[PDB]
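1. from the sequence below, what's the structure:
(chains A and B)
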There are 2 protein chains.
Amino acid sequence: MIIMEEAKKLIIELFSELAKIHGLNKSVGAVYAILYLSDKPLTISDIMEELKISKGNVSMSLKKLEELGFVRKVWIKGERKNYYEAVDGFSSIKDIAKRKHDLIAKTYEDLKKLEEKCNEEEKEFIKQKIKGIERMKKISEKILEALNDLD
Amino acid sequence: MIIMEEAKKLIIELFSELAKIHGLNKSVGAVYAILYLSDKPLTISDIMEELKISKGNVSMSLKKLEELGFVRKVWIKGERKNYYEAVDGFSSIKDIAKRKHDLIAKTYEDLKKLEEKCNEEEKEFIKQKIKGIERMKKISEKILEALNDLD
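-> Numbers count the residues shown, from 1 in each chain, chains lettered A, B, ... in the order given. See below for the structure:
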């Protein structure tokens, strides 16, 4: 079962990439890979040995993931260090897909209130850019929609 | 027609916040809103005054947008400088939804193959971290699906 070092390698590379895709550092994604596979919390030093990277590259990557919400800090009785663990991957996505949806909609609504007053022949001037923000809404309704079809 | 400035400020505020949720700098989203709202390619300097930020905050934000592929350099005849312009928004999201899907897909394919060999009673051991990566597949299929339901 050298198999498992292989399944590990794959997963870690998947996440590294994806992260490079969302405009983030490969590590951030590399570190979440480690945690995603871990069945127990891991400290900074732990993660450093599993990926072999400075203490800082690990700390930042962790910092990015706490911002995002995929990772949270964990406290172990009798322990001085700060542990970490991967939040339920998919649930944390739902949350994001929903914040992004309430934000985009709130904007599309406010943008509508300004089109209330801005009317007549000018009401049409705004319709260019509002129709882009109006798509942004139809997209997160489904990306949300599709998300509440898997639970 | 201050309204416009008002709508401007909405859209800029909308994009600043979607960059801070995707773990990016608020600038990275503000910048996109300038090029998003503009009808012509701008220069780094043009945007600075548009958002009143440093020549570094703009360069920061613009290299990332190019990375993520929402903005692309543009050249003007008789102009020593560089110009930037947002790319076709939603098109640039179709492309990202596929890369992710093709990375996820592949890996999920490759994870099976290791489960081909790794079998019997252990074939069952792999099934934990796999059903996670299998979910991510069904998700990028719909957010993909959904995106190919708008054109």
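
2. mind checking how far stretch A:17-28 is from the chain centre?
-> A distance of 11 Å separates the centroid of the chain from that of stretch A:17-28, by C-alpha atoms, centre = their mean, to the nearest Å.

3. and it, end to end?
-> Counting by C-alpha to C-alpha, to the nearest Å, you get 10 Å between the two ends of stretch A:17-28.

4. check whether that stretch comes near chain B.
-> Yes: counting by C-beta under 8 Å from any C-beta of the partner chain, chain B has neighbours in stretch A:17-28: A:17-18, A:21-24, A:28. For every residue, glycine as well, the C-beta is placed using N, CA and C.

5. for chain A, which residue gets nearest to chain B?
-> residue A:146 (3.4 Å; C-beta to the nearest C-beta).

6. which helix runs longest in chain A?
-> Of all segments of type helix in chain A, defined using DSSP state H, the longest is helix A:89-117.

7. what's the first helix or strand after that one?
-> Sequence order places helix A:123-133 as the next helix or strand after helix A:89-117, per DSSP states H and E.

8. so which bits of that following helix are buried?
-> The neighbour-count check on helix A:123-133 (16 or more other C-beta atoms under 10 Å in any protein chain shown) flags A:126, A:129-130, A:133 as buried.

9. out of these, which one sits closest to residue A:117?
-> Using C-beta to C-beta, residue A:126 comes nearest to residue A:117 of the buried residues of helix A:123-133, at 10.7 Å.

10. excluding its backbone neighbours, what's nearest that closest one?
-> Spatially, and ignoring its direct neighbours in sequence, residue A:126 is nearest to residue A:115 (5.2 Å; C-beta to C-beta, 6 or more residues apart in numbering or on different chains).

11. distance of the one you found from residue A:104?
-> 16 Å (C-beta to C-beta, to the nearest Å).

12. with residue A:98 instead?
-> Counting by C-beta to C-beta, the gap from residue A:98 to residue A:104 is 11 Å.

13. which one's more surrounded, these two?
-> Higher neighbour count among residue A:98 and residue A:104: residue A:104, with 22 against 15, using other C-beta atoms under 10 Å in any protein chain shown.

14. returning to what we had before: between the buried residues of helix A:123-133, which is nearest residue A:53?
-> Using C-beta to C-beta, the buried residues of helix A:123-133 come closest to residue A:53 at residue A:133, 39.9 Å.

15. got the contact list for that closest one?
-> Residue A:133 makes contact with A:104, A:107-108, A:111, B:11, B:14, according to C-beta atoms under 8 Å, 6 or more residues apart in numbering or on different chains.

16. go again using 6 Å as the cut-off
-> residue A:108 (C-beta atoms under 6 Å, 6 or more residues apart in numbering or on different chains).

17. for residue A:92, same thing?
-> Residues near residue A:92 by C-beta under 6 Å, 6+ apart: A:69-70.

18. residue numbers of chain A in contact with chain B?
-> A:3, A:6-7, A:10, A:14, A:17-18, A:21-24, A:37, A:64, A:67-68, A:90, A:103, A:107, A:111, A:114, A:118, A:142-143, A:146 (C-beta under 6 Å from any C-beta of the partner chain).

19. just the buried ones from the residues you listed?
-> A:3, A:6-7, A:10, A:14, A:17-18, A:21-24, A:37, A:64, A:68, A:103, A:107, A:111, A:118, A:142-143, A:146.

20. how is residue A:78 assigned, secondary-structure-wise?
-> What DSSP: H, G, I helix; E, B strand; the rest coil gives for residue A:78 is coil.

21. typo on my end, residue A:84
-> Secondary structure, three-state DSSP: residue A:84 is strand.

22. just residue A:72 next, same as before
-> Residue A:72 - assigned by three-state DSSP - is strand.

23. give me the number of residues near it?
-> Per other C-beta under 10 Å, the neighbour tally for residue A:72 reads 14.

24. now it: closest residue in space that isn't a chain neighbour?
-> residue A:87 (5.6 Å).

25. hmm, back to that, same list, the residues of stretch A:17-28 next to chain B, but as CSV with distance to residue B:74 please.
-> Shown next, in CSV, are the residues of stretch A:17-28 next to chain B (distance: C-beta to C-beta, whole Å):
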residue, distance to residue B:74
A:17, 28
A:18, 29
A:21, 23
A:22, 25
A:23, 20
A:24, 26
A:28, 30
